[PDB]
Each structure stands twice: as structure tokens, then as C-alpha cells.
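A.B. asks: Next up, structure.pdb (PDB, C-alpha atoms).
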```pdb
ATOM      1  CA  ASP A   2       5.537  14.495  -1.797  1.00  0.00           C
ATOM      2  CA  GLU A   3       5.229  12.033   1.099  1.00  0.00           C
ATOM      3  CA  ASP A   4       6.001  14.762   3.631  1.00  0.00           C
ATOM      4  CA  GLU A   5       3.268  16.996   2.196  1.00  0.00           C
ATOM      5  CA  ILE A   6       0.866  14.040   2.383  1.00  0.00           C
ATOM      6  CA  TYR A   7       1.748  13.495   6.040  1.00  0.00           C
ATOM      7  CA  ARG A   8       1.147  17.173   6.813  1.00  0.00           C
ATOM      8  CA  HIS A   9      -2.299  16.960   5.189  1.00  0.00           C
ATOM      9  CA  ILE A  10      -3.144  13.854   7.222  1.00  0.00           C
ATOM     10  CA  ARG A  11      -1.982  15.513  10.438  1.00  0.00           C
ATOM     11  CA  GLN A  12      -4.098  18.601   9.737  1.00  0.00           C
ATOM     12  CA  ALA A  13      -7.151  16.412   9.129  1.00  0.00           C
ATOM     13  CA  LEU A  14      -6.657  14.283  12.250  1.00  0.00           C
ATOM     14  CA  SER A  15      -5.827  17.207  14.554  1.00  0.00           C
ATOM     15  CA  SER A  16      -9.106  18.814  13.420  1.00  0.00           C
ATOM     16  CA  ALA A  17     -11.360  15.801  13.990  1.00  0.00           C
ATOM     17  CA  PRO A  18     -13.687  15.626  17.015  1.00  0.00           C
ATOM     18  CA  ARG A  19     -13.183  12.635  19.306  1.00  0.00           C
ATOM     19  CA  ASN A  20     -16.260  10.808  18.028  1.00  0.00           C
ATOM     20  CA  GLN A  21     -15.070  11.173  14.417  1.00  0.00           C
ATOM     21  CA  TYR A  22     -11.363  10.445  14.950  1.00  0.00           C
ATOM     22  CA  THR A  23     -11.421   6.712  14.165  1.00  0.00           C
ATOM     23  CA  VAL A  24     -13.467   7.334  11.016  1.00  0.00           C
ATOM     24  CA  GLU A  25     -11.194  10.173   9.888  1.00  0.00           C
ATOM     25  CA  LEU A  26      -8.088   8.066  10.552  1.00  0.00           C
ATOM     26  CA  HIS A  27      -9.352   5.275   8.316  1.00  0.00           C
ATOM     27  CA  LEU A  28     -10.496   7.680   5.609  1.00  0.00           C
ATOM     28  CA  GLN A  29      -7.106   9.448   5.528  1.00  0.00           C
ATOM     29  CA  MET A  30      -5.365   6.085   5.194  1.00  0.00           C
ATOM     30  CA  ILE A  31      -7.668   5.157   2.296  1.00  0.00           C
ATOM     31  CA  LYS A  32      -7.286   8.634   0.771  1.00  0.00           C
ATOM     32  CA  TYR A  33      -3.503   8.448   0.406  1.00  0.00           C
ATOM     33  CA  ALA A  34      -2.729   4.712   0.268  1.00  0.00           C
ATOM     34  CA  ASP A  35      -2.440   4.768  -3.550  1.00  0.00           C
ATOM     35  CA  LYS A  36       0.301   7.430  -3.345  1.00  0.00           C
ATOM     36  CA  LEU A  37       2.164   5.582  -0.564  1.00  0.00           C
ATOM     37  CA  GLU A  38       2.349   2.059  -2.001  1.00  0.00           C
ATOM     38  CA  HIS A  39       6.113   1.867  -1.430  1.00  0.00           C
ATOM     39  CA  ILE A  40       6.095   2.983   2.231  1.00  0.00           C
ATOM     40  CA  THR A  41       6.166   0.665   5.225  1.00  0.00           C
ATOM     41  CA  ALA A  42       3.416   0.837   7.817  1.00  0.00           C
ATOM     42  CA  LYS A  43       6.043   1.914  10.362  1.00  0.00           C
ATOM     43  CA  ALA A  44       7.069   4.866   8.190  1.00  0.00           C
ATOM     44  CA  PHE A  45       3.412   5.851   7.694  1.00  0.00           C
ATOM     45  CA  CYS A  46       2.804   6.021  11.438  1.00  0.00           C
ATOM     46  CA  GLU A  47       6.023   7.991  12.028  1.00  0.00           C
ATOM     47  CA  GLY A  48       5.117  10.484   9.311  1.00  0.00           C
ATOM     48  CA  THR A  49       1.559  11.097  10.547  1.00  0.00           C
ATOM     49  CA  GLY A  50       2.097  11.180  14.317  1.00  0.00           C
ATOM     50  CA  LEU A  51       0.181   7.948  14.870  1.00  0.00           C
ATOM     51  CA  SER A  52       1.073   5.259  17.356  1.00  0.00           C
ATOM     52  CA  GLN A  53       3.054   2.483  15.698  1.00  0.00           C
ATOM     53  CA  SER A  54       0.305   0.146  16.940  1.00  0.00           C
ATOM     54  CA  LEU A  55      -1.822   1.499  14.064  1.00  0.00           C
ATOM     55  CA  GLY A  56       0.532   0.069  11.437  1.00  0.00           C
ATOM     56  CA  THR A  57      -1.530  -3.066  10.835  1.00  0.00           C
ATOM     57  CA  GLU A  58      -4.578  -0.845  10.315  1.00  0.00           C
ATOM     58  CA  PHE A  59      -2.761   1.091   7.604  1.00  0.00           C
ATOM     59  CA  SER A  60      -1.701  -2.176   5.965  1.00  0.00           C
ATOM     60  CA  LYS A  61      -5.331  -3.318   5.942  1.00  0.00           C
ATOM     61  CA  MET A  62      -6.670  -0.026   4.591  1.00  0.00           C
ATOM     62  CA  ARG A  63      -4.038   0.088   1.843  1.00  0.00           C
ATOM     63  CA  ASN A  64      -5.159  -3.367   0.662  1.00  0.00           C
ATOM     64  CA  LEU A  65      -8.813  -2.382   0.917  1.00  0.00           C
ATOM     65  CA  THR A  66      -8.306   0.816  -1.078  1.00  0.00           C
ATOM     66  CA  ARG A  67      -7.323  -1.032  -4.271  1.00  0.00           C
ATOM     67  CA  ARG A  68     -10.662  -2.862  -4.335  1.00  0.00           C
ATOM     68  CA  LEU A  69     -12.678   0.236  -3.417  1.00  0.00           C
ATOM     69  CA  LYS A  70     -11.091   2.127  -6.306  1.00  0.00           C
ATOM     70  CA  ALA A  71     -12.089  -0.688  -8.671  1.00  0.00           C
ATOM     71  CA  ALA A  72     -15.665  -0.132  -7.461  1.00  0.00           C
ATOM     72  CA  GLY A  73     -15.610   3.588  -8.266  1.00  0.00           C
ATOM     73  CA  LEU A  74     -14.021   5.272  -5.241  1.00  0.00           C
ATOM     74  CA  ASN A  75     -12.215   8.473  -6.234  1.00  0.00           C
ATOM     75  CA  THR A  76      -9.791   8.943  -3.347  1.00  0.00           C
ATOM     76  CA  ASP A  77      -9.232  12.597  -4.316  1.00  0.00           C
ATOM     77  CA  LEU A  78     -12.761  13.310  -3.035  1.00  0.00           C
ATOM     78  CA  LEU A  79     -12.184  12.012   0.511  1.00  0.00           C
TER      79      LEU A  79
ATOM     80  CA  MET B   1     -33.697  -7.273   1.532  1.00  0.00           C
ATOM     81  CA  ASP B   2     -34.435  -8.944   4.851  1.00  0.00           C
ATOM     82  CA  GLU B   3     -31.496  -8.931   7.242  1.00  0.00           C
ATOM     83  CA  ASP B   4     -30.999 -12.687   7.091  1.00  0.00           C
ATOM     84  CA  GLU B   5     -30.750 -12.665   3.311  1.00  0.00           C
ATOM     85  CA  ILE B   6     -28.088  -9.941   3.592  1.00  0.00           C
ATOM     86  CA  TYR B   7     -26.199 -12.147   6.050  1.00  0.00           C
ATOM     87  CA  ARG B   8     -26.417 -15.040   3.580  1.00  0.00           C
ATOM     88  CA  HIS B   9     -24.910 -12.859   0.845  1.00  0.00           C
ATOM     89  CA  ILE B  10     -22.016 -11.983   3.161  1.00  0.00           C
ATOM     90  CA  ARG B  11     -21.512 -15.625   4.164  1.00  0.00           C
ATOM     91  CA  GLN B  12     -21.542 -16.669   0.506  1.00  0.00           C
ATOM     92  CA  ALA B  13     -18.963 -14.079  -0.510  1.00  0.00           C
ATOM     93  CA  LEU B  14     -16.713 -15.084   2.383  1.00  0.00           C
ATOM     94  CA  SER B  15     -17.039 -18.789   1.550  1.00  0.00           C
ATOM     95  CA  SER B  16     -16.230 -18.019  -2.093  1.00  0.00           C
ATOM     96  CA  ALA B  17     -13.108 -15.949  -1.447  1.00  0.00           C
ATOM     97  CA  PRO B  18      -9.593 -17.421  -1.508  1.00  0.00           C
ATOM     98  CA  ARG B  19      -7.985 -17.643   1.928  1.00  0.00           C
ATOM     99  CA  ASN B  20      -5.460 -14.946   0.984  1.00  0.00           C
ATOM    100  CA  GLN B  21      -8.303 -12.559   0.101  1.00  0.00           C
ATOM    101  CA  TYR B  22     -10.532 -13.384   3.082  1.00  0.00           C
ATOM    102  CA  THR B  23      -9.753 -10.386   5.274  1.00  0.00           C
ATOM    103  CA  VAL B  24     -10.096  -7.865   2.444  1.00  0.00           C
ATOM    104  CA  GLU B  25     -13.333  -9.520   1.298  1.00  0.00           C
ATOM    105  CA  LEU B  26     -14.723  -9.380   4.831  1.00  0.00           C
ATOM    106  CA  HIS B  27     -14.108  -5.635   5.041  1.00  0.00           C
ATOM    107  CA  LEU B  28     -15.562  -5.076   1.564  1.00  0.00           C
ATOM    108  CA  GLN B  29     -18.719  -7.032   2.429  1.00  0.00           C
ATOM    109  CA  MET B  30     -19.111  -4.981   5.615  1.00  0.00           C
ATOM    110  CA  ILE B  31     -18.916  -1.804   3.538  1.00  0.00           C
ATOM    111  CA  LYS B  32     -21.203  -3.192   0.823  1.00  0.00           C
ATOM    112  CA  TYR B  33     -24.117  -3.897   3.161  1.00  0.00           C
ATOM    113  CA  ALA B  34     -23.570  -1.493   6.075  1.00  0.00           C
ATOM    114  CA  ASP B  35     -26.218   0.960   4.912  1.00  0.00           C
ATOM    115  CA  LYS B  36     -28.827  -1.816   4.626  1.00  0.00           C
ATOM    116  CA  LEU B  37     -27.949  -2.887   8.194  1.00  0.00           C
ATOM    117  CA  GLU B  38     -28.063   0.487   9.944  1.00  0.00           C
ATOM    118  CA  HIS B  39     -30.377  -0.890  12.640  1.00  0.00           C
ATOM    119  CA  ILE B  40     -28.226  -3.836  13.809  1.00  0.00           C
ATOM    120  CA  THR B  41     -25.557  -4.088  16.468  1.00  0.00           C
ATOM    121  CA  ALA B  42     -22.103  -5.419  15.683  1.00  0.00           C
ATOM    122  CA  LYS B  43     -22.911  -8.404  17.909  1.00  0.00           C
ATOM    123  CA  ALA B  44     -25.950  -9.209  15.762  1.00  0.00           C
ATOM    124  CA  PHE B  45     -23.830  -8.770  12.629  1.00  0.00           C
ATOM    125  CA  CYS B  46     -21.302 -11.343  13.852  1.00  0.00           C
ATOM    126  CA  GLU B  47     -24.021 -13.767  14.934  1.00  0.00           C
ATOM    127  CA  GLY B  48     -25.812 -13.453  11.602  1.00  0.00           C
ATOM    128  CA  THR B  49     -22.646 -13.993   9.527  1.00  0.00           C
ATOM    129  CA  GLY B  50     -21.066 -16.745  11.645  1.00  0.00           C
ATOM    130  CA  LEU B  51     -18.119 -14.576  12.707  1.00  0.00           C
ATOM    131  CA  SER B  52     -16.346 -14.296  16.034  1.00  0.00           C
ATOM    132  CA  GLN B  53     -17.593 -11.417  18.154  1.00  0.00           C
ATOM    133  CA  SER B  54     -14.014 -10.108  18.022  1.00  0.00           C
ATOM    134  CA  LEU B  55     -14.784  -9.015  14.443  1.00  0.00           C
ATOM    135  CA  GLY B  56     -17.629  -6.786  15.611  1.00  0.00           C
ATOM    136  CA  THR B  57     -15.183  -3.918  16.024  1.00  0.00           C
ATOM    137  CA  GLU B  58     -14.245  -4.277  12.351  1.00  0.00           C
ATOM    138  CA  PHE B  59     -17.899  -3.870  11.351  1.00  0.00           C
ATOM    139  CA  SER B  60     -18.205  -0.839  13.628  1.00  0.00           C
ATOM    140  CA  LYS B  61     -15.223   0.758  11.886  1.00  0.00           C
ATOM    141  CA  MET B  62     -16.316  -0.100   8.356  1.00  0.00           C
ATOM    142  CA  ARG B  63     -19.999   0.743   8.726  1.00  0.00           C
ATOM    143  CA  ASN B  64     -19.184   4.338   9.646  1.00  0.00           C
ATOM    144  CA  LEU B  65     -17.078   4.894   6.503  1.00  0.00           C
ATOM    145  CA  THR B  66     -19.887   4.406   3.982  1.00  0.00           C
ATOM    146  CA  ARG B  67     -21.258   7.946   3.887  1.00  0.00           C
ATOM    147  CA  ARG B  68     -17.911   9.499   2.942  1.00  0.00           C
ATOM    148  CA  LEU B  69     -16.876   6.631   0.645  1.00  0.00           C
ATOM    149  CA  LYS B  70     -20.148   6.751  -1.329  1.00  0.00           C
ATOM    150  CA  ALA B  71     -19.929  10.551  -1.542  1.00  0.00           C
ATOM    151  CA  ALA B  72     -16.501  10.013  -3.122  1.00  0.00           C
ATOM    152  CA  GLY B  73     -17.935   7.660  -5.744  1.00  0.00           C
ATOM    153  CA  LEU B  74     -17.897   4.173  -4.231  1.00  0.00           C
ATOM    154  CA  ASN B  75     -20.560   2.025  -5.937  1.00  0.00           C
ATOM    155  CA  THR B  76     -21.415  -0.770  -3.518  1.00  0.00           C
ATOM    156  CA  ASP B  77     -23.304  -2.617  -6.276  1.00  0.00           C
ATOM    157  CA  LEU B  78     -19.845  -3.260  -7.789  1.00  0.00           C
ATOM    158  CA  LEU B  79     -18.573  -4.948  -4.600  1.00  0.00           C
TER     159      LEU B  79
END
```
Output the structure of this file as C-alpha cells.
C.D. replies:
Amino acid sequence: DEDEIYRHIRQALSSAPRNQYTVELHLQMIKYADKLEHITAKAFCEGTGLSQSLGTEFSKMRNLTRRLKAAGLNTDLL
Amino acid sequence: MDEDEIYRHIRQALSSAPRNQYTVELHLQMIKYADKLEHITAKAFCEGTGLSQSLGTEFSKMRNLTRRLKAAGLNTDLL
């Protein structure tokens, strides 16, 4: 499961234009955070091809996602 | 809503949040009001909300997520 998720994230990021990359990165983190609750930020960056420096950003987005879902976000639609 | 009243809503939510929820609340408030603040710079956002200019980059990131988040069902009235 996690490896399929990482492939989907990589396909989305590799396809994003430069000026949409940061947005797409954050949206992919939010999209899958609820299926990756058990993973470390380090493992997330390794799986997706991201610099390990982005780990804190994943940790932030994973916390944010719980509150966005409570406000109606359906992460399947991202 | 005038921009300053939006800033006051953000300041009030930040003041009301527990310390251990501050950073999440800040990002949620940025998302909540980004689309009513489309005309402001991140510098003006930080000045209006009493935040360090170093947080401007956080507003720049969050404000550009709203279109896709709302299309996926996010109701900012619930934030």
C-alpha cells in the first residue's frame, strides 16, 4: 500500500510545472497523510524522492490534514 | 469584510489557541481567509496579524492551496 502511494506521489510531482511544484507537494502530502499516520517523516521523503529537508513540512501537513478533514475536506478528491 | 477585521479574526483565533495547537491553528487561519485576502502581500499579512515576516512564506504556501482544497470539499466556514 505505502509503496503504491509513493509511486502515485512521484507521478504527480514529476508531472508538475515548476511554478506549481510547491503547491502540488503540499497537496500530495495532505492527500495521503491519513493513510500514512504510522510512517516517519524520514520514511515519507525516502519513499517519494523528496529531500529529507522536507520532513518537517510533511509533519506539519499531516497535522493540518486532520483538521481540514473535520471541516469537510475529502482527501480522495485531491 | 475589511482586511483589518479579517486580521483581527486571525489574531483572535491565534490568541485563543493552546500553545500546542498554535502552529496548526496559524496554518488553518491562513487557509480560512486566504481567498478574502487575494490582494495582499505576505508582508502585509504578517504586519496585519502581528507575525514575524519569517511566517510570510507560510502564508504564501497556504494561500495557494485553497482552490484545490475547496474543490475537494473544504468548508472554510467550519474553520
A.B. asks: Quick one: apply the PyMOL selection byres ((chain B and resi 55-70) around 8) to the file and drop the selected residues here as a PyMOL selection string.
C.D. replies: (chain A and resi 23-24+27-28+74+79) or (chain B and resi 27+30-31+34-35+42-43+45-46+51-54+71-76)
A.B. asks: Between B:23, B:41, B:16, B:49, which residue has the minimum interatomic distance to residue 62 of chain A, considering all atoms listed in the file?
C.D. replies: B:23
A.B. asks: The PyMOL selection byres ((chain A and resi 8-21) around 10) on the file shown: which residues, as an NGL selection string?
C.D. replies: (:A and (3-7 or 22-26 or 28-30 or 32-33 or 48-51)) or (:B and (64))
A.B. asks: As number ranges by chain, could you give me every residue of chain A near chain B (at most 7 Å apart, counting only C-alpha atoms)?
C.D. replies: A: 24, 64-65, 69, 72-76, 78-79
A.B. asks: Would you mind reading off the distance between atom CA of residue 6 of chain B and atom CA of residue 19 of chain B, one decimal, in Å?
C.D. replies: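 According to the coordinates, atom CA of residue 6 of chain B and atom CA of residue 19 of chain B are separated by 21.6 Å.
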A.B. asks: Please indicate the distance in Å from atom CA of residue 11 of chain B to atom CA of residue 47 of chain B, rounded to one decimal place.
C.D. replies: 11.2 Å
A.B. asks: Enclose all atoms of segment 10-24 of chain B listed in the file in an axis-aligned box, grow every side by 4 Å, and hand back centre and edge lengths in Å to one decimal, as JSON.
C.D. replies:
```
{"center_x": -13.7, "center_y": -13.3, "center_z": 1.6, "size_x": 24.6, "size_y": 18.9, "size_z": 15.4}
```
A.B. asks: Enter the distance from atom CA of residue 58 of chain A to atom CA of residue 34 of chain A, in Å, rounded to one decimal.
C.D. replies: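 Between atom CA of residue 58 of chain A and atom CA of residue 34 of chain A the gap works out to 11.6 Å.
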A.B. asks: Please provide the set of residues having any atom within 9 Å of residue 3 of chain B, restricted to only C-alpha atoms, with same-chain residues fewer than 2 positions apart removed, written as an MDAnalysis selection string.
C.D. replies: chainID B and resid 1 5:8 36:37 40 48
A.B. asks: Would you mind exporting the chosen residues as a PDB file, in the coordinates of the input, restricted to C-alpha atoms?
C.D. replies:
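Output (out_11.pdb):
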```pdb
ATOM      1  CA  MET B   1     -33.697  -7.273   1.532  1.00  0.00           C
ATOM      2  CA  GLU B   5     -30.750 -12.665   3.311  1.00  0.00           C
ATOM      3  CA  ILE B   6     -28.088  -9.941   3.592  1.00  0.00           C
ATOM      4  CA  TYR B   7     -26.199 -12.147   6.050  1.00  0.00           C
ATOM      5  CA  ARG B   8     -26.417 -15.040   3.580  1.00  0.00           C
ATOM      6  CA  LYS B  36     -28.827  -1.816   4.626  1.00  0.00           C
ATOM      7  CA  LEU B  37     -27.949  -2.887   8.194  1.00  0.00           C
ATOM      8  CA  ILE B  40     -28.226  -3.836  13.809  1.00  0.00           C
ATOM      9  CA  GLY B  48     -25.812 -13.453  11.602  1.00  0.00           C
TER      10      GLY B  48
END
```
